[PDB]
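Student: Structure in structure tokens, see below.
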Amino acid sequence: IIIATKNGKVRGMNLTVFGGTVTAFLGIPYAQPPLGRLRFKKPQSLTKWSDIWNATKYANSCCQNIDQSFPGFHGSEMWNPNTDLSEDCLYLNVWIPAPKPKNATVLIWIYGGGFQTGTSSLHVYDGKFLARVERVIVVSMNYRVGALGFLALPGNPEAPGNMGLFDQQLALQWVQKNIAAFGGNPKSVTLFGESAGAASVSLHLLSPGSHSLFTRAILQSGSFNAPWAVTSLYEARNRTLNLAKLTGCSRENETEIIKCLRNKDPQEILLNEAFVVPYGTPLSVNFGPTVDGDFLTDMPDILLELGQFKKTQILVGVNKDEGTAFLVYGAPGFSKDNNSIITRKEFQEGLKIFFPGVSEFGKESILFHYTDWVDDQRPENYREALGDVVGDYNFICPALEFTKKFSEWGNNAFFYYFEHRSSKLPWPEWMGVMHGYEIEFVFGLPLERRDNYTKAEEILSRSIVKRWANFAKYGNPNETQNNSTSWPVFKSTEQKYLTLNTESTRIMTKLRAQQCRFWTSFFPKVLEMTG
Amino acid sequence: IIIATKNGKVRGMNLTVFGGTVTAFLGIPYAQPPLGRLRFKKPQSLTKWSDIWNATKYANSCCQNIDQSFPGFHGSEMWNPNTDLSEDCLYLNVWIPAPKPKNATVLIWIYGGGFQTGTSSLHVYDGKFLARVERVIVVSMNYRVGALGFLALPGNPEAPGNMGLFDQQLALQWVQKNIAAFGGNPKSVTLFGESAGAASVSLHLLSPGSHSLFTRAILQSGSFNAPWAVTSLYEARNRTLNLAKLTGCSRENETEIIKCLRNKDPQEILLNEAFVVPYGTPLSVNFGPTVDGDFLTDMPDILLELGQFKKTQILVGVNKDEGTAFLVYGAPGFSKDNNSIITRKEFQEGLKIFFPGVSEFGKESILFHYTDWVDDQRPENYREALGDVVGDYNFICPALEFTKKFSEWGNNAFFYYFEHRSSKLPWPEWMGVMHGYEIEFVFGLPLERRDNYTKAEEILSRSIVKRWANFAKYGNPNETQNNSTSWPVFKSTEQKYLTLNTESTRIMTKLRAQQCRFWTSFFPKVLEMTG
Amino acid sequence: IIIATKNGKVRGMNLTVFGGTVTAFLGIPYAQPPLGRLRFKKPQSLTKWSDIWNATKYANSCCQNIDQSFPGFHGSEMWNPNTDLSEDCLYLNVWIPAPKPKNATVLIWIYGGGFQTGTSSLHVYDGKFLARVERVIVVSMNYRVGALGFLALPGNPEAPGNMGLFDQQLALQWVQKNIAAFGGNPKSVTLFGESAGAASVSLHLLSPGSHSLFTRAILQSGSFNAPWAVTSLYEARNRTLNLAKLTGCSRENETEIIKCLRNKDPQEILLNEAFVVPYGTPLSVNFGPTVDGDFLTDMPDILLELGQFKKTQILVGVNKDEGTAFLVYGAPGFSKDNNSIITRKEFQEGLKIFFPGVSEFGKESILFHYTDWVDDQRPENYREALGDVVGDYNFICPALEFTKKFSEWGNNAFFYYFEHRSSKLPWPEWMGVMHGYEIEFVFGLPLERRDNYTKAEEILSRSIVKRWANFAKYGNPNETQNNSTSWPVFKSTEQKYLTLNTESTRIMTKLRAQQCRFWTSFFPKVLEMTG
């Protein structure tokens with residue numbers, strides 16, 4: 001199939017999905033390759049091409065470090081990129097339902113990965129099933145990550161910060177211009193992202209430049225107000241310097257620093273990245289989003305608090321066990337291979353691992369709050385408390401605080417708590433409903449008879465797939481045909497949310513309410529005290 | 001730096017503020033010099049210039065009388081102009097934050113000075129700190145004052161009145177046209193002014209011609225409904241005549257009067273100004289705003305009362321001691337050099353000084369209201385009561401009445417009471433929190449480590465600077481990061497306002513409520529009785 | 001003074017009013033003279049003229065019968081036209097305040113006279129005072145009346161009906177096009193009319209063609225829902241026929257009837273007019289407004305009842321003694337020269353005079369309702385009851401019913417009851433506050449020192465003049481400077497209205513409430529019974 005975009009024409013492929021057809025356009029460019037001089041700059045636009053672009057295979061993933069903790073292990077490897085890494089990386093994919101629609105609603109995916117890693121071409125981000133099953137156009141794009149995407153010298157047009165975020169934005173501009181040609185409704189565009197793609201999505205809600213490039217937003221396990229998500233103007237500058245130092249690039253003329261950084265080998269940069277922050281944490285975001293004055297005109301906390309954002313509906317949610325994923329990357333006593341029962345003493349070390357620069361006080365308060373239990377000496381007590389600490393603090397509470405502050409200004413928000421463990425999950429039982437493991441179901445992967453998902457899982461995925469499409473199309477994530485109990489609006493007073501599971505599916509209120517009062521009121525007060 | 005405006009290009013300068021940079025464009029013209037024939041007429045527009053305008057120093061202040069009561073004394077001299085006086089005076093300044101922004105919010109300052117005096121180039125109106133610290137564009141302009149700015153022959157196009165007000169308006173038109181080129185958002189423009197610049201700002205709220213030239217308004221120690229601010233169609237005409245008389249300019253053909261006035265020496269005019277009103281008052285506005293049919297289409301009292309004004313948010317406030325400044329310019333027993341303890345008998349004379357044409361009744365009511373106290377013979381009793389009389393009557397009560405009537409029609413108003421005395425204040429302790437002495441803090445002057453302001457004052461200024469910027473940017477003067485107690489909306493029923501201080505910062509209600517019931521209901525009734 | 005309109009230029013005159021100047025443009029044409037072929041057709045537009053039109057004297061009044069009941073008597077003669085009658089009659093006047101305004105609010109006057117008579121050039125419609133005193137532009141126009149203005153053959157484009165109403169509408173179109181040139185705000189246009197000009201104004205509120213030709217409407221002593229105001233499709237046709245008959249013009253081909261009518265002498269037509277309705281009534285509207293399908297798309301009762309009208313503010317009112325004017329034109333026992341004490345028996349005849357085709361029942365109910373009194377044999381009892389019958393039934397109750405039904409759909413209405421008798425009134429004491437005798441005060445006539453109106457009357461007129469201008473300018477007829485008790489909104493539940501007088505000026509409720517329940521519910525039911 002051949003479609004004409006404003007910069008020349010592209011050829012796609014015909015995929016066969018569930019006795020039917022989806023048209024795929026893998027790897028259309030949307031910007032100039034950010035090579036040579038262009039490294040670290042905002043993405044520059046394309047000029048026309050006279051011929052046809054063969055958009056028939058996934059393009060290059062973007063330059064990033066790979067996870068080598070568990071070689072061969074699917075559980076970690078399914079998250080590693082699956083095409084060649086290249087700075088020549090700014091490409092997007094598009095899936096179209098079976099006969100070209102007329103003005104179909106568009107889902108645009110933004111991948112997570114803590115802003116250091118990730119690609120659009122993972123198996124679990126395959127939007128063919130969504131286009132086939134719900135007749136939506138799905139788009140995903142690749143954006144720069146780590147330093148190549150977020151190195152910042154505050155104000156300097158040679159490295160302004162938030163370049164990965166402009167990448168996303170330029171692919172949003174692409175869709176406004178082009179999706180019409182593909183049979184998509186530029187007026188009906190929904191952003192969905194996970195972890196750092198969720199944070200990304202929340203940023204577009206605040207970003208004036210992004211304001212008219214989409215309609216609604218879905219946010220899965222992340223949001224800008226999370227401890228990990230936004231880097232301060234000071235730290236970004238400090239971290240840029242420490243990089244220069246680590247690569248024999250320190251200068252006087254600031255513009256000369258970028259000049260030598262722009263000449264270093266990609267791999268050279270990638271190697272010293274992990275070493276620019278003083279104390280490791282498994283949740284380290286070495287080069288992330290900053291307040292640049294361009295994409296973000298002000299501290300996001302103020303903007304949110306003063307209702308300066310896109311007014312629209314939003315769907316936000318988290319998983320039962322966001323925190324566990326991280327325990328196996330540095331916390332003592334933890335391993336994917338044993339059932340990781342830990343002792344009070346280890347728990348306390350875990351705490352130092354995850355709260356490196358925090359007062360004896362902070363750490364003793366965390367401990368007191370998560371340690372008040374029905375003891376009976378359940379051996380797992382401490383293993384379970386460390387995960388919940390990590391998850392609550394880093395994902396759940398900020399996601400709940402973001403929903404509150406957003407809904408204060410009038411729009412409908414919907415909140416979900418995803419509590420089902422994939423039968424196929426490569427990681428062990430203890431690790432529960434891990435961060436990242438709803439994506440498979442949103443993307444419809446269990447709808448595929450021929451993988452080994454349960455009937456139950458097929459029903460769950462289907463239902464999720466429908467609620468998400470309905471949110472995108474209609475601004476209301478309901479599932480009107482098979483569903484009992486419709487999904488209620490989150491409102492700051494009552495704070496209702498829906499439970500996503502294979503069994504029950506209940507409507508509940510005030511999620512993790514004690515835990516969030518601790519993390520959002522008490523603990524901040526303790527941090528305040530010790531400098 | 002070089003920027004192209006619709007009338008040719010201008011060159012600015014690079015200023016270094018707080019380890020960073022602000023781009024200054026001092027003294028860009030925005031109208032034809034109101035010389036020769038053009039004197040007394042509305043400002044005429046500029047035609048293109050082929051070259052570059054060097055906008056690198058403050059232009060001429062506008063023709064006005066200087067204050068020579070305290071020669072050498074900073075307290076009075078900091079208010080005197082600091083460039084040459086010239087009728088060639090219609091120029092504006094602009095400060096831009098460090099790297100050119102993209103669409104920055106604009107603050108446009110309008111200076112006070114009772115409409116007889118003042119310039120945009122005073123040290124305390126330096127908008128470099130606001131652009132650096134909050135990333136706003138600051139604009140200020142010079143406008144004609146006294147007769148050259150407000151001489152009125154009702155309806156006669158040769159001296160229509162309100163020319164100074166058209167001057168302001170033409171600089172507002174300038175910004176709508178040009179600020180885009182400087183990286184400013186023409187849709188996000190906030191007017192702020194003090195004393196007569198506040199009154200000026202309230203007039204633009206009423207002026208149909210000004211209606212789309214800004215977005216919000218901030219009003220510091222003044223408003224059009226103050227006793228001093230608007231001159232009646234009769235008095236303006238009478239005062240024009242007495243001027244002609246005083247300069248041997250009385251004629252028959254009215255147009256011939258302007259012809260000879262248009263030929264007199266600037267200084268000749270300036271000298272007889274003080275002598276056109278029969279009885280002096282230190283709050284004399286010899287040539288002010290009038291109802292001209294053009295800038296103001298009707299008596300402002302009616303317009304306000306019938307909700308015919310720009311509907312928008314507004315921030316309004318006054319100082320603890322507005323009245324004291326004036327006591328040293330004619331009230332017996334008062335001097336900046338002694339602690340001015342006065343006797344009942346002097347107080348009574350003070351009263352005659354400030355209420356020249358008022359019944360024995362008026363004066364005996366004022367006296368009764370301000371004289372009911374916890375006597376113990378505090379020697380300062382009468383000194384304190386005279387200041388409060390002056391302040392209440394002339395600044396506080398009208399500012400409170402204007403806020404009430406405005407908020408009646410639906411928009412959010414915010415009211416402040418500024419109660420901090422600058423540690424640096426040249427005037428003595430007794431004179432308290434003088435009229436004019438918040439400007440320094442709004443403009444961020446205490447943010448400068450290298451002047452001798454206290455840490456406390458640095459925190460106060462910072463907080464004010466933020467609340468003002470937040471009002472301008474977002475329509476909500478909150479300070480979300482460091483502040484406890486947010487600023488509540490003023491509403492006609494409850495009448496809440498915020499306290500600005502180094503210590504407490506409280507939320508209080510109904511300011512000067514007894515005093516204002518006196519000045520706005522009782523005293524008017526007494527005036528009514530005696531002719 | 002010379003102004004260019006879209007059809008060439010016009011010259012006005014300079015009038016001197018109250019030590020100041022008003023610019024007058026008397027007698028500008030706005031349509032093609034409806035002569036020869038054009039008689040009875042909608043008004044046709046003008047084509048350009050190359051020169052200057054001398055618009056310096058009132059043009060021809062329109063063809064109508066004159067009132068010869070009281071020759072020489074001012075009371076009746078001030079209502080007779082005061083320029084030559086001509087079919088060449090479609091002209092308009094304009095008064096502009098002293099120096100040309102910039103966008104002044106426009107009052108457009110539509111004269112009353114039961115649709116059979118009246119001109120725009122009466123002394124009491126002189127809009128010079130309104131332009132001088134309130135700085136408004138006043139416009140009035142002449143429109144065809146009686147047969148030449150309202151003869152109807154339902155649907156036939158040769159005599160469609162409502163031509164006088166199109167005349168008005170074409171002068172409204174004129175103002176939209178031209179008033180800008182005169183310094184008037186086409187967006188701020190208020191219609192005011194009396195008696196049949198009030199009815200006219202209410203029709204423009206319903207007329208889709210008129211919908212965007214004005215902003216607000218003022219309605220003095222009349223409204224379309226009055227017994228006299230709208231002629232039924234049947235009666236209009238019948239009355240056209242009886243005219244043909246009376247002028248030897250009956251035919252077969254309907255179009256041939258108009259052909260001979262179009263050839264008859266103007267005076268011939270005028271003479272037989274009074275004779276086309278079977279039974280005289282002093283309130284006879286021989287040729288009025290009808291439902292034509294063009295100006296009025298449906299029965300006005302339905303349109304009003306279903307809220308199909310221009311949504312806007314309106315000011316409506318009546319006089320203490322609307323009915324008396326008519327008693328001297330046919331009711332037995334009545335004369336302007338005696339104090340007209342009448343006997344029950346005469347009253348009963350009066351009733352037959354004014355309710356010609358009504359059941360013994362109707363007449364006995366009217367009688368019972370107006371005859372229940374504090375007898376003491378006040379000799380005037382019956383004289384007073386007959387006037388109130390006439391007034392209530394014909395003016396007050398319909399004006400009250402129209403206000404109710406209008407305000408039901410949301411807009412602010414204001415209702416007034418005018419209760420002051422001009423000291424100058426030519427008619428006798430008994431006749432009270434006659435129909436027609438507020439116009440003088442609205443038009444500001446008592447503001448003229450040099451006529452013999454009382455000081456009290458000067459204050460009353462002034463206040464009215466202000467409230468009307470304020471309604472026109474601001475949609476709120478308040479008088480904020482001198483007035484105690486502001487004018488409340490009429491709302492269908494509480495039904496408040498303001499009293500216009502030299503003494504009291506009170507706010508009261510439910511005017512003539514018993515009387516209107518009779519006229520609007522009970523009496524209609526009695527009419528229903530007898531066929």
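By order of appearance in the structure tokens: chains A, B, ..., then residues from 1 within every chain, and ligands from 1 in the order shown.
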Per DSSP on the backbone, what are the helix (DSSP H, G or I) residues of stretch 118-249 of chain B, as a compact mmCIF listing (two decimals) with C-alpha atoms, in the first residue's frame?
Tutor:
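Output file states_22.txt is given in full below:
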# COMPACT_ATOMS: atom_id res chain seq x y z
CA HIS B 123 16.27 53.26 39.97
CA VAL B 124 13.26 51.67 41.78
CA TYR B 125 11.43 50.97 38.48
CA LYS B 128 16.02 43.95 35.06
CA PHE B 129 15.53 41.90 38.21
CA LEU B 130 11.96 40.87 37.22
CA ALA B 131 13.08 39.64 33.79
CA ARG B 132 16.09 37.77 35.25
CA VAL B 133 14.34 36.27 38.26
CA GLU B 134 10.86 35.39 36.87
CA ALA B 147 -0.68 70.60 31.92
CA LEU B 148 1.34 69.24 29.02
CA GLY B 149 -0.35 65.91 29.67
CA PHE B 150 -3.79 66.84 30.96
CA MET B 163 -3.21 63.11 26.60
CA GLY B 164 -0.90 61.44 29.15
CA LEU B 165 -3.49 58.65 29.23
CA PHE B 166 -3.37 58.37 25.42
CA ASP B 167 0.41 58.29 25.68
CA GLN B 168 0.10 55.20 27.89
CA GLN B 169 -2.42 53.70 25.52
CA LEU B 170 -0.20 54.27 22.53
CA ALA B 171 2.64 52.42 24.30
CA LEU B 172 0.14 49.60 24.97
CA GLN B 173 -0.61 49.52 21.22
CA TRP B 174 3.13 49.43 20.63
CA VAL B 175 3.54 46.28 22.72
CA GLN B 176 0.59 44.52 20.96
CA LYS B 177 2.31 45.17 17.65
CA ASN B 178 5.89 44.60 18.64
CA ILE B 179 6.39 42.49 21.68
CA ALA B 180 6.08 39.33 19.57
CA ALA B 181 9.43 40.32 17.93
CA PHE B 182 11.03 40.42 21.42
CA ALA B 196 -1.37 57.72 39.87
CA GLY B 197 -0.14 54.82 37.77
CA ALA B 198 -2.55 52.66 39.70
CA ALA B 199 -5.33 55.21 39.00
CA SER B 200 -4.15 55.10 35.39
CA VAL B 201 -4.42 51.32 35.33
CA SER B 202 -7.99 51.44 36.70
CA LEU B 203 -8.81 53.88 33.90
CA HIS B 204 -7.63 51.46 31.20
CA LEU B 205 -10.00 48.93 32.79
CA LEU B 206 -12.78 51.39 31.90
CA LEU B 233 -15.46 68.84 33.28
CA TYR B 234 -16.11 72.19 34.99
CA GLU B 235 -12.82 72.40 37.07
CA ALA B 236 -10.66 71.33 34.09
CA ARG B 237 -12.12 74.11 32.00
CA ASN B 238 -11.85 76.65 34.86
CA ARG B 239 -8.21 75.57 35.42
CA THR B 240 -7.36 75.91 31.78
CA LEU B 241 -8.73 79.47 31.89
CA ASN B 242 -6.86 80.46 35.04
CA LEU B 243 -3.70 79.24 33.30
CA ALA B 244 -4.34 81.39 30.24
CA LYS B 245 -4.93 84.31 32.60
CA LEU B 246 -1.71 83.63 34.51
Student: Counting only C-alpha atoms, a student should be able to say which residues of chain C come within 12 Å of chain B; what is the right answer, written as a PyMOL selection string?
Tutor: chain C and resi 20-21+97-105+134-136+183+466-467+469-471+473-482+486
Student: List the neighbours of residue B:23 out to 7 Å using only C-alpha atoms; skip same-chain residues closer than 4 positions along the sequence, and give me the result as a PyMOL selection string.
Tutor: chain B and resi 12-15+95-98
Student: If we count only C-alpha atoms and set the cut-off at 12 Å, which residues sit around residue B:457, ignoring sequence neighbours fewer than 3 positions away in its own chain? Please answer as a PyMOL selection string.
Tutor: chain B and resi 420-424+438+440-442+444-449+451-454+460-465+500-503
Student: List every residue of stretch 301-352 of chain B that DSSP, applied to the backbone of this structure, places in strand (DSSP E), and write the result as an MDAnalysis selection string.
Tutor: chainID B and resid 314:319
Student: Residue B:52: which residues within 8 Å, counting only C-alpha atoms, same-chain residues fewer than 4 positions away excluded, as a list in words?
Tutor: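 Skipping anything fewer than 4 positions along the chain leaves residues 8, 9, 10 and 11 of chain B.
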Student: Next, the residues of the selection above should be written as a compact mmCIF listing (two decimals), in the first residue's frame with N, CA and C atoms.
Tutor:
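Wrote again_1.txt, looks like this:
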# COMPACT_ATOMS: atom_id res chain seq x y z
N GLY B 8 11.10 49.90 11.80
CA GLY B 8 12.54 49.85 11.71
C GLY B 8 13.10 49.18 12.93
N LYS B 9 14.42 49.07 12.95
CA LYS B 9 15.11 48.14 13.81
C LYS B 9 15.67 48.90 14.98
N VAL B 10 15.92 48.19 16.09
CA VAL B 10 16.50 48.81 17.29
C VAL B 10 17.63 47.96 17.86
N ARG B 11 18.65 48.62 18.41
CA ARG B 11 19.75 47.93 19.07
C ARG B 11 19.67 48.11 20.56
Student: Write out as a VMD selection string each polymer residue whose atoms come within 8 Å of stretch 284-288 of chain C, counting only C-alpha atoms; drop sequence neighbours fewer than 5 positions from it.
Tutor: chain C and resid 114 to 116 145 to 147 149 to 151 162 228 to 231 236 239 273 to 274 276 to 277
Student: Using N, CA, C and O atoms, can you write the selected residues to a file as a CSV table (one decimal), in the first residue's frame?
Tutor:
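The result, written out as out.csv:
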chain,number,residue,atom,x,y,z
C,114,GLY,N,-51.7,55.0,16.3
C,114,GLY,CA,-52.6,53.9,15.8
C,114,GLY,C,-52.4,53.4,14.3
C,114,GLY,O,-53.3,52.9,13.7
C,115,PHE,N,-51.2,53.7,13.7
C,115,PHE,CA,-50.8,53.2,12.4
C,115,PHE,C,-51.6,53.8,11.3
C,115,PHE,O,-51.3,53.5,10.1
C,116,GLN,N,-52.5,54.8,11.6
C,116,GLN,CA,-53.2,55.5,10.6
C,116,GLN,C,-52.5,56.9,10.4
C,116,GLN,O,-52.7,57.5,9.3
C,145,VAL,N,-48.4,54.9,6.5
C,145,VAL,CA,-49.5,54.5,7.5
C,145,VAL,C,-50.9,54.4,6.8
C,145,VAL,O,-51.0,54.7,5.6
C,146,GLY,N,-51.8,53.9,7.5
C,146,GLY,CA,-53.1,53.5,6.9
C,146,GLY,C,-52.9,52.6,5.7
C,146,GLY,O,-51.9,52.0,5.5
C,147,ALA,N,-53.8,52.7,4.8
C,147,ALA,CA,-53.8,51.8,3.6
C,147,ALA,C,-52.5,51.8,2.9
C,147,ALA,O,-52.0,50.7,2.5
C,149,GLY,N,-49.7,52.1,3.8
C,149,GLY,CA,-48.7,51.4,4.6
C,149,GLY,C,-49.1,50.0,5.0
C,149,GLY,O,-48.2,49.2,5.3
C,150,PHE,N,-50.3,49.6,5.0
C,150,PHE,CA,-50.7,48.3,5.5
C,150,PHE,C,-51.8,47.6,4.8
C,150,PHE,O,-52.3,46.5,5.3
C,151,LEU,N,-52.2,48.0,3.6
C,151,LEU,CA,-53.2,47.3,2.8
C,151,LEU,C,-52.7,46.0,2.5
C,151,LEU,O,-51.5,45.9,2.1
C,162,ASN,N,-48.0,45.0,5.8
C,162,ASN,CA,-46.8,45.4,6.6
C,162,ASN,C,-45.7,46.2,5.9
C,162,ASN,O,-44.5,46.1,6.2
C,228,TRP,N,-55.9,46.2,19.8
C,228,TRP,CA,-55.9,47.0,18.6
C,228,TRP,C,-54.8,46.7,17.5
C,228,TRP,O,-54.9,47.3,16.4
C,229,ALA,N,-53.8,45.9,17.9
C,229,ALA,CA,-52.5,46.1,17.1
C,229,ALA,C,-52.3,45.2,15.9
C,229,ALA,O,-51.5,45.6,15.1
C,230,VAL,N,-52.9,44.0,15.9
C,230,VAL,CA,-52.7,43.1,14.8
C,230,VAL,C,-54.0,42.7,14.2
C,230,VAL,O,-55.0,42.4,15.0
C,231,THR,N,-54.1,42.8,12.9
C,231,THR,CA,-55.3,42.5,12.1
C,231,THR,C,-55.1,41.1,11.6
C,231,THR,O,-54.1,40.7,11.1
C,236,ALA,N,-58.1,41.7,7.1
C,236,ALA,CA,-57.2,42.5,6.2
C,236,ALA,C,-57.7,42.3,4.8
C,236,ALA,O,-57.7,43.3,4.1
C,239,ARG,N,-61.1,43.9,4.4
C,239,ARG,CA,-61.0,45.3,4.5
C,239,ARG,C,-60.4,45.9,3.2
C,239,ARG,O,-60.8,47.0,2.8
C,273,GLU,N,-61.0,54.9,3.7
C,273,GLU,CA,-60.4,54.3,4.8
C,273,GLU,C,-61.3,54.2,6.0
C,273,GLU,O,-61.7,53.1,6.4
C,274,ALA,N,-61.8,55.3,6.5
C,274,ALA,CA,-62.6,55.3,7.8
C,274,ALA,C,-63.8,54.4,7.7
C,274,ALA,O,-64.4,54.0,8.8
C,276,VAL,N,-64.2,51.2,6.0
C,276,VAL,CA,-64.0,49.8,5.6
C,276,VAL,C,-64.3,48.8,6.7
C,276,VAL,O,-64.7,47.7,6.4
C,277,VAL,N,-64.3,49.3,8.0
C,277,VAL,CA,-64.7,48.5,9.1
C,277,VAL,C,-66.1,48.8,9.3
C,277,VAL,O,-66.5,50.0,9.2
Student: Do you know which residues are at most 10 Å from residue B:427 counting only C-alpha atoms, after dropping those on the same chain fewer than 3 positions away, and could you put them as an MDAnalysis selection string?
Tutor: chainID B and resid 73:76 325 336:337 424 430:434
